[PDB]
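This document opens with one chain alone, in structure tokens, the form deposited in one PDB entry.
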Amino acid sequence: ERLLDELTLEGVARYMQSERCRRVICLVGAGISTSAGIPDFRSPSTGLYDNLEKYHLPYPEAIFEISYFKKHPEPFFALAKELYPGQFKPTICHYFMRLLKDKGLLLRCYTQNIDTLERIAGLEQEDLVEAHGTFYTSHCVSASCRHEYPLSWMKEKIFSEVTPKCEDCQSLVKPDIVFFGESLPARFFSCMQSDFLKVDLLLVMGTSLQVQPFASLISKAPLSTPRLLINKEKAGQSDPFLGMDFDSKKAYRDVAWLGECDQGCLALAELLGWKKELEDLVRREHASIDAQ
């Protein structure tokens, strides 16, 4: 009555090596980048809305609201210098997704993250839905210009404490993250409408599934599609006050592996016979990055 022979990581691995599992969608959040040193930017414990006093904001969230940014961009860019990562080294989890791509299994990676690590790990634009945009590129904000600038250009402006301006028209240049008040990416809805007709397995890694519309993606899978959560904490279940079903007598397709995302991806790779391939890929790419 179900595609998984048992509701465990071993059941998922056997399903992944069966004829039925052809197309995997990954849904990933901040939990896959914390081991790379990237903090969760939607976590109150990160303290983004603390130490904003010198900027005299009308409300703390204004530093990430598009209309405020366009008139007063300096607070955002001062904060961006403070938080700019010291290195961009993707995690075991990112390279696990590269292995999925290499093996013809990756239909799409939907990511809430803005840190570019999916791209550094070798996922291409076609493979990715960056649901909240990315720092990978930046654009002039003038509608008639829209000159594109790479992250190296934007990094230099952030570190020199020079507000980035377009060389063509002298308008503000903004990283391609989705500020509050901006439209969500058309690609998010377009790809969702196509991909979830085709998916055989949902791999949900490093997201607490608490931010919409991203969290709603789990409800777009066909009823039969197994869903594996790899996360430090169980997530995605229905709210009893107002979903994933891991633990009831009616559970039939959802599996929770609770732990660090890197360790869960390593465990899954090991069951699949991919551990040596994943170790070799990670060690090579990390050595390459360390040598830059």
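Residue numbers here begin at 1 and follow the sequence given. Think of the rigid core as the biggest set of C-alphas that the two forms share within 1.5 Å after superposition.
A second form of this protein, the form deposited in another entry, is not displayed here; the remarks below concern that form.
Once you overlay the rigid core, does the Cα of residue 126 travel 2 Å or further between the shown form and the other one? False for residue 126: its C-alpha shift is below 2 Å.
With both forms fit on the core, is the shift of the CA atom of residue 252 between the shown form and the other one 2 Å or larger? No: residue 252 shifts by under 2 Å between the shown form and the other one.
Against the rigid core, is the Cα displacement of residue 138 between the shown form and the other one at least 2 Å? Indeed, residue 138 is displaced by 2 Å or more.
How does the C-alpha distance between residue 46 and residue 132 change in the other form compared with the present structure, closer or farther, given a change of 3 angstroms or more? Farther apart in the other form, by 3 Å or more.
Pin down for me whether the residue 207-residue 61 Cα distance shrinks or grows in the other form relative to this form (closer or farther, change of 3 Å or more). It is closer: in the other form, the C-alpha atoms of residue 207 and residue 61 lie at least 3 Å nearer than they do here.
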